[PDB]
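> coordinates only, no sequence provided:
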Ligand SMILES: [Ca+2]
Ligand SMILES: [Ca+2]
């Protein structure tokens, strides 16, 4: 999973 | 509680 | 048969219902991986779905168009999850090597398989001992199972005893606090031939609720010798299942049923059930609810000052002198919900002896003072009380 | 004060529904034992049922026949359990000393009480900041709440940020994986009001869901957030955490855009993801006129399904969390969806729906669900 911030 | 047998 | 492995086509709803059927009797939650799967074999005009647990085996046969013979073993829960979520269209299954190609509409699945070499040969069903409507079998097991023991340490109480004499079948279970007996008539293949077996309650209860539909459910015990050893087949409506019986000897239960009652009470079951677990809201630990029987009234009471006290009076058609008796509220409503009648009849003796709950019709029955005999019914739920404060 | 304590009469279902709501979140065995309880207070205006935990307040007003004024504090859970299970008839409640006599039909209860002098005074509501239809508040909270974090071991994600400027209200929540923002307009008293607070998601979600009758919902800011209306009233303590500045995350343009039927896509995701490892990811290969959803490995099985889709831009292969993706699609409450894309490593912008080859601007909408993809 990737992050917005 | 009471028992049958 | 040859090069092309098992490949078939059938409708989704039929495919899914059969796989959902076998997989529910396949909890099989952990390893070994051989036990996690479900095995499909096409032949003739139809498809067979097979599974095994500990003590119960499920096999569901459905019609399918078999373009090529074969068998394949695929994961049980996943293929039941797939076949339920597919669109409503035909399902094409084609075994390719170590995997299975599943095509429904625009959705396609390729799932790995396991060696069919490893799947156990599952028990033979004995010869059919008889059959009864599934809607009667569903209710008969539902009434008797609720009194069966849930324990382990005492295998004797965890089963349902099946007594077969001719066309009459008698079912019984007890946890030593409560006894449930149902007597019914069925279509027997050996009338008259006698037998008594004991089948695990939980499996026989789940198999009955599963079965509701429906066709006539067939029980397979023996030819007999004679009963038989060692299994109970339950077949009908395209499904078939074996459960290993239990060796324990069920108590001789007809000595426990009272021949007489010193006092009897008849009430509305729906109104009493709601009264019990309203009053029992304050009953400490769900222990006991108390019933003070006088004529035309019973007073339900429970609770302690530390949390609360409850009281409710209901109308009763009472015969005999006043009696104050206390029961386990859960055991008490378990019996009342099991009678499946508009009204209930309580056979009483003393506050320390058994109370016999009997189903009574909407309005039939007639009884001045003296001892009242126990009237015959097809069902009996006998409950013994709790010692009063 | 008077010899006769609180005595009243009211319908049971009216009584039961009000007590069930106030009692729902009360603590079972709190360090301060009165919070476990519920406080009943009759007046000319009817009977008021109150609940508190020093953090969240619940107060319900019901019409009742007050035979004598007074208040009483009785165990919360039990009394909602009682009136839910009583027969459908009038309920008579009479406080006798330290006990309460409750009679409905042929049922009678005497329950112990707690000192009414030991109950905290509930917070007063701030002045009303504005009000909006209950149907809109219900829908607005349902859309953004799904993106808030569900684990208090990192609280800053567990809230819903409420930004109020004039008539426009903006609601936002994010778990760092997904951001949901909805803009709505409400009737504010007065114009030029500007405030921004961050409220625990779960409670603010419960107040919205419990509020579909609906009447009109009033929000009061002054810290605590009041939610009043339809005979019910509640204050919630805000959260101290800093909410991310979230509008830098929303793309103004997209390299590719796609519009699909949501009901068709939701069913496709759920079925394809059955073989997805850990429910981790679903792959989507966007080409023109088609998307191919795929998941799974030789681990369990693999699944693929193709869907029809209006596509603009160059083909893109991107993978999302199936649970996070279906959460967003369910939030649009529209027949179709619009996907703003850039790269397989950047955010995808979902939008409710009823150019040339160049970069496509993001069309303005009241709701946006922005989701981050998975590796590949
Ligand atoms: Ca409300
Ligand atoms: Ca971003």
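Happy to help now that I have it. Numbers count the residues shown, from 1 in each chain, chains lettered A, B, ... in the order given. Ligands and ions are numbered 1, 2, ... in the order given.
> how close does residue C:323 get to ligand 2?
76 Å (Cβ to the ion, to the nearest Å). Bear in mind the C-beta positions are built from the backbone N, C-alpha and C, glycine included.
> report the contact partners of that residue.
Each residue near residue C:323 by Cβ atoms under 8 Å, 6 or more residues apart in numbering or on different chains is listed here: C:262-263, C:293, C:348, C:350-351.
> quick one, phi psi at it?
phi -140, psi 140 (degrees, to the nearest 10).
> do residue C:61 as well
According to degrees, to the nearest 10, residue C:61 has phi -110, psi 130.
> which of the contacts of residue C:323 sit farthest apart?
Farthest apart among the contacts of residue C:323 by Cβ to Cβ are C:293 and C:350. That separation is 12.2 Å.
> compare these two and say which one has the larger neighbour count.
residue C:293 (21 against 12; other Cβ atoms under 10 Å in any protein chain shown).
> which residues does that one form a beta bridge with?
Beta-bridge partners recorded for residue C:293 (DSSP bridges): residue C:298, residue C:323.
> residue contacts, it?
So residue C:293 contacts C:263, C:265, C:316, C:318, C:322-325, C:348 (Cβ under 8 Å, 6+ apart).
> in strands, which of the contacts of residue C:323 fall?
C:263, C:293, C:348 (DSSP state E).
> looking at these, which is nearest residue C:59?
For those, the nearest to residue C:59 is residue C:348 (48.1 Å; Cβ to Cβ).
> so that closest one sits right up against residue C:264, yeah?
Yes: using Cβ atoms under 8 Å, residue C:348 makes contact with residue C:264 at a distance of 6.5 Å.
> now do the shared contacts for these two.
residue C:320.
> so which residues on chain C come close to chain D?
C:75, C:78, C:81-82, C:85-87, C:106-112, C:274-275, C:277-279, C:281-282, C:305-314 (Cβ under 8 Å from any Cβ of the partner chain).
> any idea what the residue of chain C found nearest chain D is bridged to?
Relative to chain D, the nearest point of chain C is residue C:111 (3.4 Å; Cβ to the nearest Cβ). Per DSSP bridges, the residues bridged to residue C:111 are residue C:100.
> what sits against it?
Taking Cβ under 8 Å, 6+ apart, one finds C:74-75, C:78-79, C:82, C:99-100, C:102, D:275, D:300-302 in contact with residue C:111.
> format the residues you listed as TSV; extra columns: distance to residue A:1.
Converted to TSV, the contacts of residue C:111 look like this (distance: Cβ to Cβ, whole Å):
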residue	distance to residue A:1
C:74	30
C:75	26
C:78	24
C:79	29
C:82	25
C:99	29
C:100	31
C:102	29
D:275	19
D:300	20
D:301	23
D:302	21
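> from those residues, which is closest to residue B:5?
Of those, the one sitting nearest to residue B:5 (Cβ to Cβ) turns out to be residue C:75, at 46.6 Å.
> distance check, that closest one against residue C:112.
Distance, residue C:75 to residue C:112, using Cβ to Cβ, to the nearest Å: 8 Å.
> more crowded one of these two?
Set residue C:75 next to residue C:112 and count neighbours by other Cβ under 10 Å: residue C:75 wins out with 22 against 16.
> can you tell me how far that one is from residue C:36?
From residue C:75 to residue C:36 the distance is 6 Å (Cβ to Cβ).
> how does chain C divide up, domain by domain?
Here the domain parsing of chain C from curated CATH domains is C:1-126, C:127-256, C:257-389.
> from the chain's centre, how far out does the last one sit?
Spelled out, it's domain C:257-389. Distance, stretch centre to chain centre, for domain C:257-389: 25 Å (Cα atoms, centre = their mean, to the nearest Å).
> and what of the shortest one?
Shown here is domain C:1-126, whose average C-alpha point lies 26 Å from the average C-alpha point of the whole chain (Cα atoms, centre = their mean).
> how about residue C:60, phi and psi?
Dihedral angles for residue C:60 - degrees, to the nearest 10 - are phi -120, psi 130.
> which helix or which strand is home to the spatially closest residue to it that is not a sequence neighbour?
With sequence-adjacent residues excluded and distances taken as Cβ to Cβ, 6 or more residues apart in numbering or on different chains, residue C:60 is closest to residue C:18, at 3.9 Å. Using DSSP states H and E, residue C:18 sits within helix C:12-24.
> wait, isn't the residue nearest to residue C:60 in contact with residue C:49?
Yes: the pair residue C:18 / residue C:49 is scored as a contact, 4.9 Å apart, by Cβ under 8 Å.
> give the residues shared as contacts by the two.
Counting by Cβ under 8 Å, 6+ apart, the residues touching both residue C:18 and residue C:49 are C:60-62.
> tell me which residues touch residue C:6, please.
C:40-42, C:66, C:68-72, C:93, C:95.
> re earlier: quick one: the residue of chain C closest to chain D and chain A, what's the gap?
26 Å (Cβ to the nearest Cβ, to the nearest Å).
> with residue C:349 instead?
According to Cβ to the nearest Cβ, residue C:349 stands 69 Å off from chain A.
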